[PDB]
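**Q** There's a structure below that I have some questions on.
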């Protein structure tokens, strides 16, 4: 009957929560969270640009509210995220005098931030996304702000997990990335985890972001990924699951701000890229059902290798996929609709465990 | 029967020719040009970066070849682009000592360039795209390198067409743009033409580029566009016609370098964006045939207000739409295939003026 109850024997079944769920303002959603989920990940309020926006300033207010909220409702608290190239202010990568950070100054900035964030929520937050999205599509390290300023991809990852181990020794430490099903990217993640383990550094599991669609990815890629990770003696998790149903975006995951271009808001593109403003049609609503069904059928079959599955939101209006990568669209990615009612996709998902 | 022959009593029927058709290397295309087309536009060799690559340097050799090429069949010679924000080197907009040009210094660079290009081809070039793409989608002037350096949008167009009139008095002067079917942009062009007419500056025609697709734009928007430009007393032309048949880009025209991102080369996107890597399926060929048919039917119904319909190439294999907006794709935009055979669309286009 309930998502967390039906999947109780398999894995934790969680969701992302925004400020409005945590504040109580979104009453309808917060009610669904307590009913259906046993893990919460703070959508945004734990990122570095909210936590330490400028030099000399801190803001833990919203994150403190999130942690307290989860404990109150008995949730498996997941912090997200400690070290990430996006949503991290310019001052993290420069000295007070404007100079780009030396390898030592960059790691000190990493150490201090982890100690500030993870060290604050010891015993309260159970799991940390330590490094988020550092591997490229070819499997190598991404030339990101962190990687450039430190100077070595292996060094960035290795230190972040060691700092998290020091300042939150109680907490599980996860690597989290998108397109973790891609063979070339997968082999890179394995490589990185294997260097962490032989270094003696702690890492509890790899999180597959699961930001997928109707026509991607293949179950082969997903299964082969879950296998490849579990074989390294670490947990596997689907951490931010949603199913994009709109044109173009259902075909593959898009990054960057190219789709945010002014030109795609023009009528001819508006009328193609956002075709479901009046509502989701019977057949596409059925597709979304079948797609969720086959994926959870996979997760439940592989239940021994998966510690947690989380949807990146409760109701469709909450979703980041309405305004990303194309602002102003009406997407239908999650398991509950805009009236907070169950979607025919949910009924299938709850059926999977007993099926 | 040929295109020019069928469309003789309606408008000139032209094509874009590359350096290869001109050099005689692409002889297969060359023969089709001599066969079907009575007007020609150089695809690239007359643009700024070619004819004036560096400060104090000129390369008119490849353009010279294009004009000489156009003599053997006596085509209507269209010079492609005098003032345009793209394919124009950054030295055009700066002094020798690095500083950005003053309004007066930028207008001089315009004058000296036009004199060198348009003045060089008097009696030989019949028409000029004087200004290419200056109006934005909302109708206002684009904040281009020319516009910023001159300081004002109206001054760019006013001077460009004035200098063109001076150094090429014989030539017909056009404004050329994409999306020229869009109401907001249409009004911006109409506004711009009116301003030129009130200032007594010469302008002869509005060219709708016509880089279109299967799902865009509506015949109505095209028709309202033709009507509006004709009521100004100028000539209307379809200047760079092609029909995009591949996903996403059959829905609307894309500009910029967004789709040049590594991510659209990844297997899941190439799968979606490039589905016809071994010929067009039957259902889509007919869709292209039907698209070209209904469009040329419009042009022919509105032939009195139209002066020229130019397709932007001969055979698909050299079409810019293959590598733009997404590189490494196989597109089918034109009227002849990669073996220079007539595509079903050609026969539909040729039949249009005879159709009952």
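**Q** Need one number: nm distance between label points at residue B:27 and residue B:87, each 7 Å from Cα along Cα→Cβ, rounded to one decimal.
**A** Each label point is offset 7 Å from its Cα along the Cβ direction, giving 2.7 nm.
**Q** Additional query: At what distance in nm do the modelled label points of residue B:198 and residue B:257 sit from each other, each positioned 7 Å from its Cα along Cα→Cβ?
**A** Label-label distance for residue B:198 and residue B:257, simple model: 3.9 nm.
**Q** Could you line up A:2, A:29 from fewest to most neighbouring Cβ atoms inside 10 Å?
**A** A:2, A:29
**Q** A follow-up question, please. Using a Gaussian network model on chain B with a 10 Å cutoff between Cα atoms, which of B:68, B:168, B:48 fluctuates the most?
**A** Evaluated over chain B, the most mobile residue of the options is B:68.
**Q** Follow-up. How tilted is helix A:103-117 with respect to the longest principal axis of chain A? Cα atoms for both, answer in degrees (0 to 90, nearest 10).
**A** Computed tilt is about 60 degrees.
**Q** What ranking do B:244, A:347, B:221, B:26 get, fewest neighbouring Cβ atoms within 10 angstrom at the top?
**A** A:347, B:221, B:26, B:244
**Q** Rg and Dmax in Å for the range B:261-356, alpha carbons only: what are they?
**A** Here Rg and the maximum Cα pair distance are 15.5, 50 Å.
**Q** Here is a follow-up. For residue B:170 and residue B:73, what is the calculated FRET efficiency with R₀ set at 22 Å and r taken between the beta-carbons, to the nearest 0.05?
**A** 0.65
**Q** Regarding the range B:177-304, what are the three Cα extents along the principal axes, ordered largest first, in Å?
**A** 56, 33, 19
**Q** If I build a Gaussian network model for chain B, linking alpha-carbon pairs within less than 10 angstrom, which residue out of B:346, B:273, B:12 has the largest mean-square fluctuation?
**A** Looking only at B:346, B:273, B:12, the biggest GNM fluctuation is shown by B:273.
**Q** Could you estimate the translational diffusion coefficient of the protein assembly as shown from the Stokes-Einstein equation, with Rh from the Kirkwood formula over C-alpha pairs, at 20 °C and 1.002 mPa s, in whole µm²/s?
**A** Numbers: Rh = 28.9 Å.
The calculation lands on 74 µm²/s.
**Q** Report the relative contact order of chain A, percent, no decimals, based on alpha-carbon pairs under 8 angstrom and at least 6 residues apart.
**A** 17 percent
**Q** At what distance in nm do the modelled label points of residue B:59 and residue A:116 sit from each other, each positioned 7 Å from its Cα along Cα→Cβ?
**A** For the pair residue B:59/residue A:116, the computed spacing is 5.3 nm.
**Q** I've got another one for you. Using the alpha-carbon centroid of each, what span in Å lies between the range B:85-103 and the range B:216-280?
**A** About 31 Å separates the Cα centre of the range B:85-103 from the one of the range B:216-280.
**Q** Right, here's the next one. Among B:232, B:266, B:298, which one shows the highest mean-square fluctuation when chain B is modelled as a Gaussian network with alpha-carbon springs under 10 Å?
**A** B:266
**Q** Let me check against my output: what whole-number percent is the relative contact order of the range A:1-110, with C-alpha pairs under 8 Å and at least 6 apart?
**A** 23 percent
**Q** Next up: Inside 10 Å of the C-beta atoms of B:244-252, what's the mean count of C-beta atoms belonging to other chains?
**A** So the per-residue partner count for this stretch is 3.
**Q** Now a separate question. Can you quote the Å³ per residue value for the convex hull of the Cα atoms in the range A:183-246, rounded to an integer?
**A** Dividing the Cα hull volume of the range A:183-246 by its residues yields 76 Å³.
**Q** Translational diffusion coefficient of the range B:1-106 at 25 °C, 0.890 mPa s, Stokes-Einstein with Kirkwood Rh over Cα pairs, in µm²/s as a whole number.
**A** D, rounded to a whole number, is 158 µm²/s.
**Q** Now a separate question. If each residue of separation counts as 0.36 nm, what is the full-extension length gain between residue B:270 and residue B:35 once their alpha-carbon separation is subtracted?
**A** Working: separation 235, 0.36 × 235 = 84.60 nm, distance 3.67 nm.
Result: 80.9 nm gained on full extension.
**Q** Kindly state, to the nearest 0.05, the FRET efficiency for residue B:286 paired with residue A:303, given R0 = 51 Å and r defined as their beta-carbon distance.
**A** Here the calculated transfer efficiency is 0.55.
**Q** Scale the Cα Rg of the range A:175-219 by the rule-of-thumb value 2.2 N^0.38 Å and send over the ratio, two decimals.
**A** 1.30
**Q** Quick check on the protein assembly as shown: helices-only [θ] at 222 nm, where DSSP H runs of length 4 and up contribute -39,500 (n - 2.57) each and the sum goes over total residues. Nearest 500, please. Intermediate values should be presented prior to the final figure.
**A** On the way: 26 runs with 267 residues, N = 711.
Calculated from helices alone, the mean residue ellipticity at 222 nm is -11000 deg cm²/dmol.
**Q** How high is the relative contact order of the range A:210-343? Use alpha-carbon pairs under 8 Å, at least six apart in sequence, and give a whole percent.
**A** After rounding, I find 33 percent.
**Q** Report the per residue volume, in Å³, of the convex hull enclosing the C-alpha atoms of the range A:111-193.
**A** Values: hull volume 7.0 nm³, N = 83.
Spread over its residues, the Cα hull of the range A:111-193 gives 84 Å³ apiece.
**Q** Compute the long axis of helix A:61-72 from its Cα atoms, compare it with the longest principal axis of the Cα atoms of chain A, and write down the angle in degrees, 0 to 90, nearest 10.
**A** In chain A, helix A:61-72 runs at an angle near 60 degrees to the longest axis.
**Q** Residue A:124 to residue B:187: FRET efficiency via 1/(1 + (r/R0)^6), r the Cβ-Cβ distance, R0 56 Å, to the nearest 0.05?
**A** 0.40
**Q** Helix B:282-301: angle to the longest alpha-carbon principal axis of chain B, degrees 0 to 90, nearest 10?
**A** Orientation of helix B:282-301: about 50 degrees from the principal axis.
**Q** To continue, here is another question. So how do B:194, B:235 line up by other beta-carbon neighbours within 10 Å, fewest first?
**A** Numbers: B:194 12, B:235 20.
Final ranking by Cβ density, sparse to dense: B:194, B:235.
**Q** Could you give the spread of the C-alpha atoms of chain A along their three principal axes, from largest to smallest, in whole angstroms?
**A** If we take the Cα atoms of chain A, the spans are 58, 48, 42 Å.
Coordinate-derived values only; no laboratory data. FYI the Cβ positions are ideal-geometry reconstructions off the backbone, even for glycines, and counts take in every protein chain you see.
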